[PDB]
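Taking it in order: structure first as structure tokens, then the write-up.
Protein chains: 2
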Amino acid sequence: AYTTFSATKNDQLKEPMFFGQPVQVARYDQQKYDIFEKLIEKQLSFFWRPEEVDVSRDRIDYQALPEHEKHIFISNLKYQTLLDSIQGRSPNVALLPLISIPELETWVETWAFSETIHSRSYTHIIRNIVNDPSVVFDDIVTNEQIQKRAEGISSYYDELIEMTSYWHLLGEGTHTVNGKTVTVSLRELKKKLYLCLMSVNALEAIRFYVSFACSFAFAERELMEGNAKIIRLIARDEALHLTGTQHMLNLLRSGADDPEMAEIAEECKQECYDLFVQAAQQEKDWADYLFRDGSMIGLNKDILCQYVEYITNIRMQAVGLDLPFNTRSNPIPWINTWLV
Amino acid sequence: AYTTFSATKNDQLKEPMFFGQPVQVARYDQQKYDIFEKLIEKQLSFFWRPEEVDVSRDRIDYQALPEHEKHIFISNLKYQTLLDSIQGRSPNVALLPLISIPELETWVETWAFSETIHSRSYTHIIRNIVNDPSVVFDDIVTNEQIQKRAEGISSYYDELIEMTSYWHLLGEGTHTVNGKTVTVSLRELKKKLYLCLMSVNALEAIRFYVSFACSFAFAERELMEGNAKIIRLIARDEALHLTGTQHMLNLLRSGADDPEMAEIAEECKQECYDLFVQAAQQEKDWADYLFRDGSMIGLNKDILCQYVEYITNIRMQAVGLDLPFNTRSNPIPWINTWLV
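Protein chains in written order, with the entry's author numbering: chain A, 1 to 340; chain B, 1 to 340.
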């Protein structure tokens with residue numbers, strides 16, 4: 001049962017965020033949750049074009065970099081490119097078929113679109129600082145180490161899309177498909193979407209911010225100012241994207257939306273905690289590849305592991321989970337100048 | 001078998017537009033078909049927000065209109081709202097899991113996104129001209145003369161989405177699902193894509209143009225000018241979208257992108273021909289509903305039907321079909337003032 005235009009005249013204020021009737025009329029005169037409408041308007045105010053930022057001094061700054069700082073810069077760029085390539089298409093393929101209220105259907109499409117813009121700014125940077133872009137791009141797919149700190153991100157989205165396809169086609173029940181017993185359960189798909197949403201929150205609120213801090217390290221040295229203007233604009237969109245998932249998650253938790261989602265939130269709490277612990281440790285392991293050829297004066301593995309700890313405690317707090325790391329002050333308060 | 005980051009390193013310049021390996025890295029330095037990167041760029045420089053078009057005067061223009069004209073105006077606006085409600089979501093949920101080159105993936109998302117902006121301008125007009133938005137918006141879902149068409153459009157996308165899930169889940173073959181035999185054939189899924197794309201080409205290239213003619217008739221009499229400035233901007237976007245589907249269709253039937261789409265476009269030639277005559281006749285009929293209580297100045301059912309015949313011949317001709325109607329000069333040359 002998915003349809004692009006459902007023929008039941010319904011009250012779109014009484015639907016859940018997810019799993020109710022597919023949206024048919026897109027109206028903005030009213031909304032169940034104003035925050036998603038606020039976010040769409042704010043994102044639309046931030047419209048920027050990468051191509052209009054000057055990155056010409058960066059080819060000079062980059063070639064003047066020692067090989068090992070050149071490696072730190074490019075591995076960090078590569079991982080940013082991977083993440084927003086996944087973020088450009090995935091909100092639209094994984095969540096959009098499950099949404100039931102229009103402000104959130106348009107928010108998810110606006111958010112996915114702002115990530116296609118970020119992907120365009122990584123082509124803008126790479127093609128100006130490096131001579132054959134294809135050696136950077138091809139290496140993103142094949143690099144054992146980039147796939148390693150990213151382990152689990154596409155997996156999860158792909159598990160959700162498969163389960164949604166099963167539910168849309170067969171409906172709830174225990175079924176026989178090519179002599180295999182397949183059970184489709186809506187409670188389970190709801191657990192799957194809830195955990196998908198906690199992981200999207202960890203990827204935008206932690207993993208992108210650790211990368212941002214590696215980018216602005218150079219801007220503190222007065223290097224790579226074009227790259228830095230772009231990343232500041234990417235950070236500004238990223239704050240909206242994170243506010244979005246934090247509000248979806250906390251509204252699901254309150255029990256004001258779908259009552260089954262509030263029970264799942266409480267029932268899934270340990271899995272939520274563990275995935276943020278998982279994402280933190282993946283970010284800390286990456287440092288071993290990033291500082292492989294030696295580190296930089298303001299950026300080494302001890303600094304990085306300390307900001308990963310710092311930022312995870314903040315992020316887990318904002319969505320009401322127990323803090324895993326011992327409380328500490330911001331290791332790199334210069335990031336404050338450049339951010340969000 | 002759908003994935004959000006295919007781990008196979010692959011040369012994206014050699015992938016077909018559809019049904020090859022999912023796109024993993026989103027890059028814009030090179031492209032197999034330059035035309036989709038040229039459309040992303042025109043669509044980003046065409047960016048506008050409906051909030052800064054003042055529509056306030058249109059409230060009086062509309063109250064002053066004779067009831068039959070209020071009816072032609074609001075019925076036309078309702079149909080436009082129905083079509084971009086389907087067009088914000090549907091490019092994304094239906095085409096995006098089938099695309100295998102990056103520049104076409106980002107065009108589909110940019111395209112979907114410019115449609116949510118169109119949806120938002122319609123709430124912007126409605127809010128300022130009738131002030132109980134709900135009597136317009138709920139009547140979109142139930143209205144018999146409108147519902148007529150929605151059903152046809154949603155059908156194409158809904159069967160392609162249902163078939164695509166079967167292919168992604170089970171692959172080609174004869175499968176059994178709870179006692180039934182289900183045959184999944186990629187040849188048949190390619191047919192569904194072709195005719196779905198053909199129907200969207202009619203949607204943006206004909207159905208939307210017939211509706212622009214009714215909006216601009218008010219603008220010719222210096223009525224509904226807020227609305228007319230907005231439809232101008234929407235019409236400018238429509239021109240890009242139509243260029244999108246015309247290029248994809250002609251690249252498919254030329255055999256250049258997939259030899260087998262050339263075969264299918266030839267077997268599906270008479271079905272495509274009827275598809276278009278049916279869209280045209282559905283538009284001709286709609287005019288009878290509009291002009292039931294009497295016509296207005298500059299437009300009447302004869303004029304409008306003539307305009308439908310003319311726009312349908314220009315569009316069929318552009319996708320290599322034979323013309324069904326008597327060759328004609330444009331019946332309302334004044335509309336070129338408002339169009340591209």
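Note that CB positions come from ideal geometry on N, CA and C, so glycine has one too.
Rounded straight-line distance, which links the Cα of residue j to that of residue i
i	j	result
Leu-242(A)	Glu-172(B)	40 Å
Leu-170(B)	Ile-311(B)	42 Å
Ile-335(B)	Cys-305(B)	15 Å
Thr-106(B)	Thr-245(A)	23 Å
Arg-236(B)	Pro-324(A)	53 Å
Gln-21(A)	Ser-100(A)	5 Å
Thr-110(B)	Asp-288(B)	35 Å
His-118(B)	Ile-234(B)	7 Å
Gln-278(B)	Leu-290(B)	19 Å
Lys-32(A)	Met-296(A)	49 Å
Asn-10(A)	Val-108(A)	21 Å
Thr-8(B)	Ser-329(A)	42 Å
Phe-216(B)	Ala-228(B)	6 Å
residue 347(A)	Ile-314(B)	What is shown of chain A runs 1 to 340, which leaves residue 347(A) out entirely.
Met-248(A)	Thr-81(B)	27 Å
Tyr-307(A)	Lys-284(A)	10 Å
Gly-226(A)	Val-53(A)	7 Å
Residue i - DSSP class collapsed to helix/strand/coil
i	result
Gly-88(A)	helix
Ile-101(B)	coil
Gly-320(B)	coil
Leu-339(B)	coil
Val-108(A)	helix
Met-296(A)	coil
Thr-183(A)	strand
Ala-7(A)	coil
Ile-125(A)	helix
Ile-332(A)	coil
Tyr-289(B)	helix
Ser-254(B)	coil
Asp-302(B)	helix
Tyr-310(B)	helix
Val-277(A)	helix
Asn-131(B)	coil
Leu-96(B)	coil
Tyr-79(B)	helix
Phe-113(A)	helix
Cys-272(A)	helix
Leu-249(B)	helix
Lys-14(A)	coil
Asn-227(A)	helix
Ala-262(A)	helix
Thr-327(A)	coil
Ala-1(A)	coil
Any chain E beta carbon closer than 7 Å to residue i
i	result
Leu-275(B)	Within the model displayed, chain E is absent; protein chains A and B are what it includes.
**Asked** Should the segment 2–9 of chain B be called in touch with the segment 81–90 of chain A, which here means at least 3 C-beta pairs below 8 Å?
**Response** Output reads yes: the segment 81–90 of chain A touches the segment 2–9 of chain B.
**chain A contacts made by the segment 80–95 of chain B, where a contact means CB separation under 8 Å** = Listed in chain order, the positions of the segment 80–95 of chain B with a beta carbon within less than 8 Å of a beta carbon of chain A are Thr-81, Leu-82, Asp-84, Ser-85, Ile-86, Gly-88, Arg-89, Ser-90, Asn-92, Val-93 and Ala-94.
**Item:** Near-chain A residues of the segment 150–164 of chain B - C-beta to any C-beta below 8 Å
**Value:** Only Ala-150, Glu-151, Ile-153, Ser-154, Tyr-157, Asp-158, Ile-161 and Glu-162 from the segment 150–164 of chain B bring a Cβ to less than 8 Å from some Cβ of chain A.
**Prompt:** Name the residues in the segment 231–265 of chain B whose C-beta lies less than 8 Å from a C-beta of chain A; which are they?
**Reply:** Answer set for the segment 231–265 of chain B: empty.
**Request:** Starting from the N-terminal side, write out each stretch of the alpha helix (DSSP H) that is 4 residues or longer and does not extend beyond the segment 187–225 of chain A.
**Result:** You should have 208–220.
**Asked** With a cut-off of 8 Å, do at least 3 Cβ pairs link the segment 183–199 of chain B to the segment 270–280 of chain B?
**Response** As far as the Cβ criterion goes, the segment 183–199 of chain B touches the segment 270–280 of chain B, which means the pair count is three or higher.
**Request:** For the segment 17–77 of chain A, list the alpha helix (DSSP H) runs that are entirely contained and at least 4 residues long, ordered along the chain.
**Result:** When DSSP assignments are scanned along the segment 17–77 of chain A, the uninterrupted stretches of alpha helix (DSSP H) that are 4 or more residues long and fall wholly within it turn out to be 34–45 and 56–63.
**Request:** Kindly provide the ranges of any alpha helix (DSSP H) runs that are 4 or more residues long and lie completely inside the segment 134–180 of chain B, ordered along the chain.
**Result:** If one requires a minimum length of 4 residues, the alpha helix (DSSP H) runs lying completely within the segment 134–180 of chain B are 144–170, in chain order.
**Request:** Give, in chain order, every residue of the segment 175–206 of chain B whose Cβ lies closer than 7 Å to some Cβ of chain A.
**Result:** Taking 7 Å as the Cβ-Cβ cut-off against chain A, the residues of the segment 175–206 of chain B that qualify are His-175, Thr-176, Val-177 and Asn-178.
**Message:** With three or more C-beta pairs closer than 8 Å as the rule, is the segment 143–156 of chain B touching the segment 47–65 of chain A?
**Reply:** Flag = no, the segment 47–65 of chain A and the segment 143–156 of chain B do not touch.
**Asked** Closer than 9 Å, Cβ to any Cβ of chain A: which residues of the segment 31–63 of chain B, in chain order?
**Response** The segment 31–63 of chain B vs chain A, Cβ under 9 Å: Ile-40, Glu-41, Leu-44, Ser-45, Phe-47, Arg-49 and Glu-51.
**Asked** Is the segment 136–143 of chain A touching the segment 136–151 of chain B, taking contact as three or more C-beta pairs under 8 Å?
**Response** Judged by Cβ distances under 8 Å, the segment 136–143 of chain A makes no contact with the segment 136–151 of chain B, as fewer than three pairs qualify.
**Message:** Using a Cβ distance threshold of 8 Å, determine whether the segment 23–34 of chain B contacts the segment 109–126 of chain A, with at least three qualifying pairs required.
**Reply:** Three or more Cβ pairs drawn from the segment 23–34 of chain B and the segment 109–126 of chain A lie within less than 8 Å of each other, which places the two stretches in contact.
**Prompt:** Residues in the segment 100–115 of chain A with C-beta within 8 Å of chain B's C-beta atoms, listed in sequence order?
**Reply:** Taken in chain order, the members of the segment 100–115 of chain A whose beta-carbon sits within less than 8 Å of a beta-carbon on chain B are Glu-105, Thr-106, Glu-109, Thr-110, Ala-112 and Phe-113.
**Message:** Closer than 8 Å is the cut-off here; do at least three beta carbon pairs connect the segment 49–61 of chain B with the segment 252–265 of chain B?
**Reply:** Contact fails: fewer than three Cβ-Cβ distances are below 8 Å.
**Message:** Is it the case that the segment 295–305 of chain B contacts the segment 313–329 of chain B, given that we only count it when at least three CB pairs across the two stretches are under 8 Å?
**Reply:** No, they do not touch.
**Prompt:** With a cut-off of 8 Å, do at least 3 Cβ pairs link the segment 31–45 of chain B to the segment 12–20 of chain B?
**Reply:** In short, these stretches touch, since the Cβ pair count reaches three.
**Request:** Note down, in chain order, all residues in the segment 2–24 of chain A with a beta-carbon under 9 Å from any beta-carbon belonging to chain B.
**Result:** For chain B, the residues of the segment 2–24 of chain A that bring a beta carbon within less than 9 Å of one of its beta carbons are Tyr-2, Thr-3, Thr-4, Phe-5, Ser-6, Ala-7, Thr-8, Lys-9, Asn-10, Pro-22, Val-23 and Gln-24, in chain order.
**Request:** Pull out every residue of the segment 137–151 of chain B whose Cβ sits closer than 8 Å to any Cβ of chain A, in chain order.
**Result:** Listed by position, the residues of the segment 137–151 of chain B near chain A (Cβ gap below 8 Å) are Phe-137, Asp-138, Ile-140, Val-141, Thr-142, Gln-147, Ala-150 and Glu-151.
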